[PDB]
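The block underneath contains the structure these notes are about, expressed in structure tokens.
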Amino acid sequence: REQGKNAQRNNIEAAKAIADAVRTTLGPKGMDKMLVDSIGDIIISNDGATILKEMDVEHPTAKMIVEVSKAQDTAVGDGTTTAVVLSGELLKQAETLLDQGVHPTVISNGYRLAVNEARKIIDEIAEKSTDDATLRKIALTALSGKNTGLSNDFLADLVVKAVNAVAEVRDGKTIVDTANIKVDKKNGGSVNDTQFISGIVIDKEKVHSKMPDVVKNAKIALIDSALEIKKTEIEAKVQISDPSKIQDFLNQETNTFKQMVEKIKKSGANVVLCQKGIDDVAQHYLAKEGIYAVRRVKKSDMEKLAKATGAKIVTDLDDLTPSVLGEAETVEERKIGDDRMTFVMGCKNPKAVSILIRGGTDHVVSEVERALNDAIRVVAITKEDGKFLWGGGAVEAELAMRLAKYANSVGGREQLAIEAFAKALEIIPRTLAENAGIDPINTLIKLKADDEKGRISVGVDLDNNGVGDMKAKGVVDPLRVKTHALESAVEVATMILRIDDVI
Amino acid sequence: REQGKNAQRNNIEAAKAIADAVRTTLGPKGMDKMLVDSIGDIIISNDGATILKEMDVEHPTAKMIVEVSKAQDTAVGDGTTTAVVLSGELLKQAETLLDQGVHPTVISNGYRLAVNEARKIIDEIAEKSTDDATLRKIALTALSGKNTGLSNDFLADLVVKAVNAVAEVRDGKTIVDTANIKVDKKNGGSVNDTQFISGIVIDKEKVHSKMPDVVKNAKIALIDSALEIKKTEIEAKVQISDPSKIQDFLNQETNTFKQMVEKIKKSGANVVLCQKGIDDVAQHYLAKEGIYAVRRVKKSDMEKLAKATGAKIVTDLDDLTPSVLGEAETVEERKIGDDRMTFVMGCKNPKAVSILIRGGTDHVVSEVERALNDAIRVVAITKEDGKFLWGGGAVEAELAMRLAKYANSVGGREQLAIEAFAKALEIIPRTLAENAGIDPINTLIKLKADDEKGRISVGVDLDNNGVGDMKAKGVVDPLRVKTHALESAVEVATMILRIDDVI
Amino acid sequence: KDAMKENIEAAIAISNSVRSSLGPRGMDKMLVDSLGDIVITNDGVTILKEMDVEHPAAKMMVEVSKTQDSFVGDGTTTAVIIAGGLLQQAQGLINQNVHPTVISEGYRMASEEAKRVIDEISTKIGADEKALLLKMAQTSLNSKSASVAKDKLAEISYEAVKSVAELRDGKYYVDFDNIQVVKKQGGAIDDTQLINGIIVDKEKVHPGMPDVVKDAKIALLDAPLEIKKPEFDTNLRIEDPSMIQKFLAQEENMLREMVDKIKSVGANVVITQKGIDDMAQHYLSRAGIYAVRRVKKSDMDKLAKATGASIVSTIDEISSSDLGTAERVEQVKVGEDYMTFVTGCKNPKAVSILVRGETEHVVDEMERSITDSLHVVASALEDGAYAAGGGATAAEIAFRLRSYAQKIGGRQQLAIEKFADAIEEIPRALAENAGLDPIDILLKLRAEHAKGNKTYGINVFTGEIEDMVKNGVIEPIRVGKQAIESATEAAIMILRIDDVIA
Amino acid sequence: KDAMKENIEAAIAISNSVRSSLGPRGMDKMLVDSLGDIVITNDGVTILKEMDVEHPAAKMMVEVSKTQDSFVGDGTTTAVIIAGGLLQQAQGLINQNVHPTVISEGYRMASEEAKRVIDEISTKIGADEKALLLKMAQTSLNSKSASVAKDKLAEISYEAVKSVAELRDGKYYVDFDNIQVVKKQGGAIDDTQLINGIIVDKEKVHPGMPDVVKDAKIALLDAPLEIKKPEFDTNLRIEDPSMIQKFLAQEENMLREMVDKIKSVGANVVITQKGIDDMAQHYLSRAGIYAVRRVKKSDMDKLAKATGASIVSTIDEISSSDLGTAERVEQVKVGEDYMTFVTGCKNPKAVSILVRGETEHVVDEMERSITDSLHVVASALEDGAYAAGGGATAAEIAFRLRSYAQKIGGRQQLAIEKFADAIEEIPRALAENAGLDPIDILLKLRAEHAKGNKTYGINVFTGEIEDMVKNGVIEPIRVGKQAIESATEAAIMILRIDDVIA
């Protein structure tokens, strides 16, 4: 247990420590962290949410900052590192005020005033556009400091392409369910080998060799149960008194499997995707009848496939009518890398696509997938909101300048807290300077001037070695992620700032 | 550290424990205690002062009771065991009053009232007599529970005899310096072999064989210094350059010793008692001249001898004039037991006698001497005071009866304390009953009746098996020892009763 | 002597671990357990239930001080603060040899007189209902981290309680089984909203069930949808290979039938506390029924009240009388998760609050804060009166006990004056917490009340003694009565104990 | 905060280890050291000097509270009791955020006003001298184990001080080097006596010296009677066997001469602080001189004052002007031991008290008690005034500070009222100790003083508030001033310390 000053200085110190752990992942020039456990093992990522979710944080106050990795609205791209780094700075800047004699609650009030204002300023300054070109700029920016190679423009295009494929319009507004975009990976090298498929890709091979390699004009049956011998619930025991019965019993089984397959054939299905197992005898007769079957299909895939093909997931084969069958032009098995995967294409519903990522190393295809997923999210959000913000610390610099003025229009104590919040925002542009290896102090000096001359879009430029126009370089941040990164930071900093005793 | 009740109950418990350690030594039927150490070793005594002085008391409160062994006025005979046992009972009886809610100070006040009264009652009831017969009864009583054999009447007589020999009258009053009675012991067996000598007996043999075994009409020289070669204070070194000088130096020494003896002879001394050593050459010439010499005589003896013979203890032989010589009819050496002792008899001053105790065992001659010394003290005190009291718990019984009444004439709280003091006195008659092996409870019942019928002299009688007249049996206690045993007990009980915290 | 010295100190220790959380300038506590669980809160009931107290005196202080009777506003924190005061003051009186029994009588009396002063100085809520209750709910939120959004949350608290409050004997009764509070992270605190209906954090049991059903006839079950196995030991004896088929058929038919019964009675939605067999899930799906399973019992009870359904345990004996009603049941995505919203219920005095926060530990405290507000306004509406906050009502009671003490003179009087000093622990805590000068505020506070200013209190913002009702800082009359009630019982219990033995 | 909480508690602990020894119903303490030494006493100065205090706060409390300026009566026990009170009360005021500097100012002021109240309410000793002083000496003995013989010991204390007191400017001056207090066991406490002269616990150096010398001319030396060895390295060179004799002769002659000088000047007695060579002992003896050696320096100083002798260090330069005078010097046996009594001194304002007790530890406490009495009566005679005991004078001061506080209003006032409550620690201790009811006695005590009864106090025997002077319980004015002086300094010192560092 710790009380008062000792409790607070300690909590702040903890918050700062965890922020430092992710700090260097910020931006185009972000570094990676290698996280190693005991059994599973090594994870190498630049993703802040991944790093924090995996980290073995001990301290309670640090366990609280780490919780930002789970706020779905913030934990996408650099949102996580931005929220954590900012909480750290908000707590650090507070320490000074606590030292002067300012009460933790007025500091909390200042931050609330500041963040509410900032949330207003950014909706004011938010740039509108649903331009596919801007979408591409969102993705390019999202893929910036990752180990993806040079294929970024190629990836960015895939993203926009996938997003625009499943994006739909409800009452006047564009809604994009990312769950309709199936992303999967396979170790084959190249990356440029990533494919965009108009259908659902399934990491599953056909159960039996004699089954067709490709089915055209497919009537697809999605099945919930196992195509195996089922025993009754109330215990059952078979008693044979006639030696002749043994064969008959052995045959009822065969005939049971024969009927299963008859039911399936009767519905017109020519493809059977089973969520469970399929007995070898059933596989025998399915192949005999020419039906293409896959077994032990993931529920997630079962659901996406029902979505894409219009098929109803059926459990009782007796309810396997032609009404519950899905449709697709082609169901084909084809070898990808070293595996054989099933491709369901030309589905009844066009709003379903897949991205088969390639890249070799394994530990790269994973982050690349990790990357493509964030990219898909950010591009999806923007597609919806239609608004974005300038990157490279441009937003923070504007905010820092405005709040510095808004502080003056506020009363004594709160004013101090609001000037502290304004300083805290500079931790972002400074972090990008430091990471790129440029002089932090002078970049800030320049950045401040330009945004004050009205150059809203001037962020930190690695190239120009200092500040530069993000409008030209195309570095754009989605809005939603910004506002939530600020809000998360404030809510969490306040929670921690208010504690005066840890027992 | 202990406070309040815990501190007090504890202190009382301690006092009681040490009283128990001496309890059984009380009276004619007292037992002995064997005290064993590490090096010196075993001591067997019935003397309470000896037992306590030797005991290894740990507890502070017990170290305080033990201090009574040093109060010279109490520590003679059973005075010590009486004072200790009574303190124990006074503290024990107090515990009850503390329990009821009586304040330690009013209890202390009660005891003060009680003891002051008692001191009055005993001077009132004290029996006068300077009758040699009573003196003998004092000694017989003092020698009662000791391992002296049956020779008691014989010893008692020696005591009175010695006492009456040195007893002197100042302005109308008899003063007896016990320091004039030299008591010594020698392991020869018998006890009846104890002798009464009219002179000073000295446990020292004549230094040289050729010296007379007996000197008649002795002019005794008492010498402080060593009859040896004396070196100067300021360092001195002798330098011989002539081989002939060596003899001369060796001779100056001889001549030095020759002169020493010449000086002695010149004064008319024919006996020389030296407190220090005597060189062999000096012994040579002393024997040659016929002077009887003893060396390394104890200062105590030097002083008694100066007292008895009228000799002045001289240090510088040049001041050895006939004026400083002592006188005695006979100075003779005679073998006692296995040793040879010097007997100085018919001294100029008749008020000096010796008692040479015999008894064998060694561990018996010691207690017998221990006994004879107490006996001499008690007989001496009484010789002076001329008053005594009846023994066997007779005094305590009278006191207990009177104070029980005097209590009524006193106020509430104090009255309680005074009834407690009255009960405490019964611990003496009860202890004598218990030791003799008779019923305590019934002896007390009988004792109370008789003293109440006015039989002041009825104490506990072993013979009559219960109570009996001490007047007839002759058991008498000196007064001084009684009053001081009561007073010591009260002063010490109060000291301890007042403590409420031991740190 | 010592058993007391120790018991009292253990107790006071609890009093101080909570003291700094009282009021608008109050701080929160982080409580980490052995299993590593963390709870950061301002709620004095949670803090107490959480802290690991070892000393038996502390365990009792916690139990008795808990204001258990109701957990409205900061009754428990206030109770605890006063108990520590009462105890600390008793220590002194005992140093002077005042028998603990006198002290306990004095406390008991002063306690009674104090409840009286409150009833007396209280104030009935009049035609001002809406404005008063809002001001009350804000005062509450003011102490919490929810202050940040006190005006919006206060409105929600008012709207919700007002919606479920029954004006019976011209009186108000508020049944909380009509208010469903649910928390979901991934949204700002401002995103917190009031939904007219019952939200259940669960999604349809099978992917093929509808996302929405208009005019829903809801079946509420308490039994699982599975095959029933006899109670006596049972075995199927198959001697004919052909029976194997007939048997499995009979089983699936039993399930198909169960669904037919529920559906035959008109059921549209099926919500069960227990499980639903995979095959039953298929059948319901096929019948176009929206079903949710393993629902919380508490959630069941609230759905019954709002839809008017009866929870059935014997599907076989189900009937249409048992069905509940709602204009629409629909699965909606709330952030990451999928929830089921039962809207337009039969019983319109049924409401839900969707509490949002970005982080888990943030949303947790928001719900704690909102549940406090609901109880504050609801108990004010129920009691009908309110007392001024800011330490006003305590300074008054203190003032009025010092009088009464001189009337009930003697040794009792010392205990009664000490009881007054203890009540002053409240204004002291408030002052101390805001960064004001206790000894200074206290003297001014006594002055105003002596000069008859009943409603005068501590404005921690301006740091001035003002009119607490004018400024709006007011609390239900119930918080003060219970707090002084719990506080004196906790102190009397420790005061009577002179030994602790195993 | 904590350094203070701890310092204060360490301090108060000392205050309570002494509290029960205050007054007529006070108890004593047994103090056993590591070396096993035991001291049983009521003397608060001995208790404090004895107890092994570890905490630095406690060491300071002991040092400052020691009333060092004088050890008259129970000034130190009273000081310590009040310091604990002042400190304990400061704790409370600090809990209320009263700056320790205000408190220290308040204490400083109240302290000053209190000394004033005492001077004011005091009472000059008039034609009543003998009766007053006796009553004073008895009150003192009343607290001790010496009470047992208070009337006799009080007379001795009065007679002794009166004998050595010089009435100078119409004023009295008492020089304690004129009062020799000696203790000897083996006698009752009643056997304690006052001898007109100086007793020295030593006996003649040689058995052959006289036991008495009438009209003594006393030589007081500070050098030993031995041969003087040169400072430069010295060696006798003997080359002639005959010189060996001449050399030893010269040495003995040097000693014989030293004695001749002392004797040539008329000396009759020779008392030295150092040693006397065995041969010198022979010579003095032979000259019929009574000599004592290795005498205590303190004893030397007292013999010089009474006989008018000068302590000589250069025997060679001794003269008759240096000799002291006394009608008789005699060795007398006191119990077991032999002492030298120098009676009928030149200076008749020279007295001795032979303290008796049966036991060592009894006689020790008797001397402690008697030395207290001597200082009590002597300081009363010197001051000329007295104040009532029994808590009367403290209840008065308390009464008069509560007024003065309201005059010096503000925050200082709180410290001043707290100072009054602290002074009341005295009547409380007295009541508690006697078995009376503190809270009850205190209320009556306040009443009487409010109604102007300045001299009203606690009669612990009857347990009633009465007139302390009438009943004779009175003390020197000095005891109260110093006690409140020492008490406030000890408390202010701890109050200012906010940290303890190594």
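Labels used: A, B, ... for chains in the order of the structure tokens, numbers from 1 for residues in each chain, and numbers from 1 for ligands as shown.
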
So that I can see what lies close to segment 79-87 of chain A, please list as an mmCIF file with N, CA, C and O atoms, in the first residue's frame the residues with an atom at most 6 Å from it, counting only C-alpha atoms and leaving out residues fewer than 6 positions away in the same chain.
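Produced file out32.cif, reproduced below:
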data_model
loop_
_atom_site.group_PDB
_atom_site.id
_atom_site.type_symbol
_atom_site.label_atom_id
_atom_site.label_comp_id
_atom_site.auth_asym_id
_atom_site.auth_seq_id
_atom_site.Cartn_x
_atom_site.Cartn_y
_atom_site.Cartn_z
ATOM 1 N N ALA A 19 4.752 3.554 -21.788
ATOM 2 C CA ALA A 19 4.643 4.347 -23.002
ATOM 3 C C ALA A 19 5.962 4.239 -23.734
ATOM 4 O O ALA A 19 5.995 4.129 -24.951
ATOM 5 N N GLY A 48 1.262 -1.733 -32.135
ATOM 6 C CA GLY A 48 1.243 -1.398 -30.725
ATOM 7 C C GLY A 48 0.258 -2.197 -29.902
ATOM 8 O O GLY A 48 0.543 -2.516 -28.759
ATOM 9 N N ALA A 49 -0.905 -2.508 -30.461
ATOM 10 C CA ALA A 49 -1.920 -3.279 -29.749
ATOM 11 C C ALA A 49 -1.386 -4.687 -29.487
ATOM 12 O O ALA A 49 -1.510 -5.206 -28.384
ATOM 13 N N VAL A 481 -10.211 7.367 -35.525
ATOM 14 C CA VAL A 481 -9.070 6.878 -34.759
ATOM 15 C C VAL A 481 -8.401 7.984 -33.943
ATOM 16 O O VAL A 481 -7.966 7.743 -32.827
ATOM 17 N N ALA A 485 -8.333 8.252 -29.843
ATOM 18 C CA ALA A 485 -7.019 8.138 -29.267
ATOM 19 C C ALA A 485 -6.893 9.243 -28.227
ATOM 20 O O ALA A 485 -6.329 9.024 -27.160
ATOM 21 N N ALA A 489 -6.976 8.390 -24.016
ATOM 22 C CA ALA A 489 -5.866 8.963 -23.268
ATOM 23 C C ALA A 489 -6.327 9.784 -22.096
ATOM 24 O O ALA A 489 -5.732 9.723 -21.025
ATOM 25 N N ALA A 493 -5.951 8.774 -18.220
ATOM 26 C CA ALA A 493 -5.072 9.632 -17.445
ATOM 27 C C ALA A 493 -5.801 10.125 -16.218
ATOM 28 O O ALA A 493 -5.205 10.255 -15.164
#

Closest pair table for chain D residues within 7 Å of chain C, only C-alpha atoms, as a tab-separated table:
residue	atom	partner	partner_atom	distance
D:96	CA	C:439	CA	5.9
D:97	CA	C:438	CA	6.6
D:98	CA	C:439	CA	6.9
D:438	CA	C:96	CA	6.2
D:439	CA	C:96	CA	5.9

Practice problem: Name the residues in contact with residue 95 of chain A at a cut-off of 12 Å, using only C-alpha atoms, excluding same-chain residues fewer than 5 positions from it; report them as an MDAnalysis selection string. | Solution: chainID A and resid 5:6 8:13 15:16 88:90 100:104 107 417 420 493 496:497

Practice problem: Would you mind listing what lies within 12 Å of segment 188-192 of chain B as a PyMOL selection string, with only C-alpha atoms counted and same-chain residues fewer than 3 positions away left out? | Solution: chain B and resi 147-158+185+195-196+335-339+355-366+368-369+372

Quiz item: Can you tell me, as a ChimeraX atom specification, what residues are no more than 12 Å from residue 399 of chain D when counting only C-alpha atoms, ignoring any on the same chain fewer than 2 positions away?
Solution: /D:110,113-114,117,392-397,401-406,416-424,442-443,445-454

Quiz item: From the list C:488, C:68, C:104, C:459, which residue is nearest residue 472 of chain C when using only C-alpha atoms?
Solution: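 With only C-alpha atoms as the atom set, the closest residue is C:459.
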
Exercise. Could you pull out the residues in segment 337-473 of chain D that DSSP calls strand (DSSP E or B) from the backbone, as a ChimeraX atom specification?
Key: /D:337-345,351-357,385-388,456-459,464-467

Generate a file of the selected residues that holds C-alpha atoms, formatted as a CSV table (one decimal), in the first residue's frame.
chain,number,residue,atom,x,y,z
D,337,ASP,CA,30.8,0.6,61.5
D,338,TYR,CA,33.2,3.2,63.0
D,339,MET,CA,32.8,6.8,62.1
D,340,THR,CA,34.6,10.0,63.0
D,341,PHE,CA,32.4,12.8,64.5
D,342,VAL,CA,33.9,16.3,64.5
D,343,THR,CA,31.7,18.1,67.1
D,344,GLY,CA,31.4,21.6,68.4
D,345,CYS,CA,32.8,23.1,65.2
D,351,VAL,CA,25.1,20.2,60.9
D,352,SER,CA,24.7,16.4,60.1
D,353,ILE,CA,21.9,14.0,59.7
D,354,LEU,CA,22.5,10.3,60.4
D,355,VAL,CA,20.0,8.5,58.2
D,356,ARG,CA,19.0,5.0,59.5
D,357,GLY,CA,17.0,2.1,57.9
D,385,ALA,CA,6.2,32.5,49.8
D,386,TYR,CA,4.2,29.3,49.2
D,387,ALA,CA,1.3,28.1,47.1
D,388,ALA,CA,-1.4,25.5,48.0
D,456,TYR,CA,-9.3,24.6,47.1
D,457,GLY,CA,-7.7,21.2,46.4
D,458,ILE,CA,-8.0,17.5,46.5
D,459,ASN,CA,-7.9,16.0,50.0
D,464,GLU,CA,-13.1,16.0,49.2
D,465,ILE,CA,-12.4,19.4,47.8
D,466,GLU,CA,-11.2,21.5,50.7
D,467,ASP,CA,-8.9,24.4,51.6

Quiz item: If you run DSSP on the backbone, which residues of segment 384-503 of chain A are helix (DSSP H, G or I), as a PyMOL selection string?
Solution: chain A and resi 384-385+394-406+412-425+427-436+440-452+470-473+479-497

Find the spatial neighbours of residue 21 of chain C, counting only C-alpha atoms, within a cut-off of 8 Å - ignore same-chain residues fewer than 6 positions away - and output them as a PDB file with C-alpha atoms, in the first residue's frame.
ATOM      1  CA  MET C  27      -9.748  11.032  -4.534  1.00  0.00           C
ATOM      2  CA  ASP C  28     -10.158   7.381  -5.498  1.00  0.00           C
ATOM      3  CA  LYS C  29      -8.503   4.191  -4.366  1.00  0.00           C
ATOM      4  CA  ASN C  42     -14.493   6.244  -5.188  1.00  0.00           C
ATOM      5  CA  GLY C  44     -16.997   3.680  -0.250  1.00  0.00           C
ATOM      6  CA  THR C  77     -18.143   6.783   3.548  1.00  0.00           C
ATOM      7  CA  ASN C 433      -9.833  17.353   0.959  1.00  0.00           C
TER       8      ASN C 433
END

Practice problem: Please report as a PyMOL selection string which residues of chain C come no farther than 8 Å from chain A, using only C-alpha atoms. | Solution: chain C and resi 25+27-32+38+40+51+145+148+185-188+207-208+227+229+234-239+241-242+247-248+251+278-279+282+335-336+357-362+434

Quiz item: What's the 8 Å shell around residue 114 of chain A, counting only C-alpha atoms, without same-chain residues fewer than 3 positions away, as a PyMOL selection string?
Solution: chain A and resi 110-111+117-118+403+418+421-422

Quiz item: In Å, how far is it from atom CA of residue 457 of chain B to atom CA of residue 398 of chain B?
Solution: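 Distance between the two atoms: 8.8 Å.
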
Quiz item: To one decimal place, how far is atom CA of residue 46 of chain C from atom CA of residue 374 of chain C in Å?
Solution: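 Atom CA of residue 46 of chain C sits 16.8 Å away from atom CA of residue 374 of chain C.
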